[PDB]
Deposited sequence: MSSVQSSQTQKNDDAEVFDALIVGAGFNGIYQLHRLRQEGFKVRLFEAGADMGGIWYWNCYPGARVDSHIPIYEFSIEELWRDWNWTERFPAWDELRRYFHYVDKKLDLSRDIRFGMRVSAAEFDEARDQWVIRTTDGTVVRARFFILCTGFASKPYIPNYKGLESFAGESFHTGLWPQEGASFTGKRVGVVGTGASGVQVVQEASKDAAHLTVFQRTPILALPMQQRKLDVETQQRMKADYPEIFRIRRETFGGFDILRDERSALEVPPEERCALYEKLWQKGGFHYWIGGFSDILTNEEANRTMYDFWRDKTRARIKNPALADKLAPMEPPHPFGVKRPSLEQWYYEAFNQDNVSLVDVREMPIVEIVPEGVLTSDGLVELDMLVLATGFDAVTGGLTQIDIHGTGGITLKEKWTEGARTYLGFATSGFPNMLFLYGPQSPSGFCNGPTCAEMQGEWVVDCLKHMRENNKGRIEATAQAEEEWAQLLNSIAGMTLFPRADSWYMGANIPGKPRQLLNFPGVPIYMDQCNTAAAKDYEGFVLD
């Protein structure tokens, strides 16, 4: 069973990889662990699961795809995106070369034959010259180590392991642990149904207003005259969105003018307020504060209890604004004004122990019928090192990254020839719009395989020195910004792609080709 490339993952990256490599004449197979395509949208069927990337933006720029597809709303839910991947599948004939239910579990490089020997958990083995890993950001849920967690008598699941058959909150006492992006969404749905909802917060999220909007086929057809421009523009912005920042400095502009821009951005919604402000919002602490202070007053107005507002929207920010990828929200702050909703600050009242009747903080037991763990996911290193990958260096990938992620171009790792990862560590990833990085990173991969086909090279390996230099470039770029003040994603897709494309133009410097 020999192939030019075996792709693991049937999200945007892997779907894109399968389509383009096939088009380029590579014998290719895709192994996806779940039963259907969609990536995160296969696994995340919890109530309220929605994109943070608005329409045109969170889809492929293939003309035959967006010509004949329309969305029901500006930010579609998980089930609508599954419909989008099914439509993509019919149009591009993908699934014939996908094999579902194959979880890749171990792999080993065969230097004599410059090909990978890949093993799934069902025992199937397959040779592939190239090992293209598209496992995403969210393939390893993080469940904290609370004493007695497995003891809980009611229903509990991680948001990334929501039952495929559904589950209702109606009339139940539900507790949600974590206020990440999935927590905000879960909190929104349970707040209208649950007999009581307690939310456990370590740190207040700085949730931005979504500005959701229902959509109609008519207006979308008229807009689609602008779509080719939108898809060109999104390749050229910091995070791959169609959001142009304001080039001025927040500090070099009159205050009434800052409030004007902040109000405009606030009304367009989404990541406009994250990424569309002034140029020094994420390089200058003073400028950063102007945008936090505007969000704080917006939010504190929505909340009726000042003791709550200090917890949800503190006067001092817990970190710099916009340093982590923001969560969106529709009515998340209003839910806390309800009489059936409570907010527990795990900093003040830490969780002592999980018990069958519920969650016991330092100031009492919170009896629950269902316990939702919205505690997020391991870093992208946990989803790649979850496969047992044996490199030509004598160690596993898990072992190679125990001190931290080590890559060149965010694409490869010394000791691991003919292996490339998309949306991997030290690439834009978390700071990027998925389909935008899938397309731009994707073309980089295809070009790389074509270059080796054209030049009779059967082997590529990042060098230890290029690995070292790459880390120094990340630290120097991120050292010019506030991002290291977060609790790594390469900041800047154009800066990123420019380095990648230029290494390729010098015949893949930093790699050894054989």
What ranges of the deposited sequence, counted from 1, have no C-alpha atoms in this structure? 1-15, 503-517
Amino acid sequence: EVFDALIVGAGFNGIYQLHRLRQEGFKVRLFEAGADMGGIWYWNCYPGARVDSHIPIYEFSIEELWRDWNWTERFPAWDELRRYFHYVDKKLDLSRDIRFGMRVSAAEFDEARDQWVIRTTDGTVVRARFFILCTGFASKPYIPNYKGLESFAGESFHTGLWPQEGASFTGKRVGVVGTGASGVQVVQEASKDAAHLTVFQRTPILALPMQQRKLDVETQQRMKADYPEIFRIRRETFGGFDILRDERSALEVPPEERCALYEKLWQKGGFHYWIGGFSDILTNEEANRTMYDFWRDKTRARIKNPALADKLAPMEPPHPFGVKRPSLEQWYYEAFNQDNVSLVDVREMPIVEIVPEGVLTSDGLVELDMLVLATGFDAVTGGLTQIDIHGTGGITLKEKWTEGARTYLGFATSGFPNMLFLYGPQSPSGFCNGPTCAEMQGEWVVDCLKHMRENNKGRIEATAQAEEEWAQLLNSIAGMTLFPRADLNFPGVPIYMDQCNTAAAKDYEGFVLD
From here on, numbers count along this sequence of modelled residues.
Using only C-alpha atoms and the B-factors in the entry, which stretch averages higher, 261-269 or 374-382? 374-382
Using the B-factors recorded in the PDB entry, average over the C-alpha atoms of 214-222 and of 95-103, then report which stretch comes out higher. 214-222
Quick one: which of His319, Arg296, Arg113, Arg289 shows the highest Cα temperature factor in the PDB entry? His319
Highest CA B factor of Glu59, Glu32, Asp68, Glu469, as deposited, is found at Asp68
Taking the C-alpha B-factors as the PDB entry records them, is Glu399 in the lowest, middle or highest third of its chain? middle
State the tercile, meaning the lowest, middle or highest third, of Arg83 with respect to the CA B-factors recorded for its chain. highest
When the modelled residues of the chain are sorted by Cα temperature factor, does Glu357 land in the lowest, middle or highest third? highest
Assigned third (lowest, middle, highest) for the C-alpha B factor of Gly277: lowest
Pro484: which third of its chain by C-alpha temperature factor? middle
